[PDB]
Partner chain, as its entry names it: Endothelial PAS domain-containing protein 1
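Have a look below at one chain only, the form solved without its partner chain, in structure tokens format.
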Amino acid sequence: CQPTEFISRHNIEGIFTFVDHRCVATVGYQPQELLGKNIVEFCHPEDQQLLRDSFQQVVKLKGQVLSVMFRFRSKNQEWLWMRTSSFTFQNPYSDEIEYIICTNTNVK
């Protein structure tokens, strides 16, 4: 059984580099759909800033998992409540964040 939770590997811009397989069970969106696209493009317009603010926040946090709750757009074009536990991945080289590992868990 595929749970309503998936890992969203994307850079600071929101461009996904690697999408989970459980995304289709969560929002119904195919991994290939998120690839090259911004997560903000599939987020509730009035909650887009909420995502961005929290995104920049998790970058400043660095390593601190910040779960932001917002409404994401499904393949049905609907808006579901998802809690994205964003985890900034720091590289051991110079402590640079290569990408943000967002744990997208559907709540509603």
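Residue numbers count along the first chain shown, from 1.
Only in words, not in the display: the form deposited with its partner chain bound, which the text now covers.
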Item checked: Any non-hydrogen atom of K60 within 4.5 angstroms of its partner chain in the deposited complex -> no
Notebook entry, point to check: Taking heavy atoms and a 4.5 Å cut-off, does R52 contact its partner chain in the deposited complex?
Noted result: yes
Notebook entry, point to check: Is there any non-hydrogen atom of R73 lying within 4.5 Å of its partner chain in the deposited complex?
Noted result: yes
Next item on the list: Output the sequence-ordered list of residues from 27 to 45 with at least one heavy atom within 4.5 Å of its partner chain in the deposited complex.
Entry: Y29, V40, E41, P45
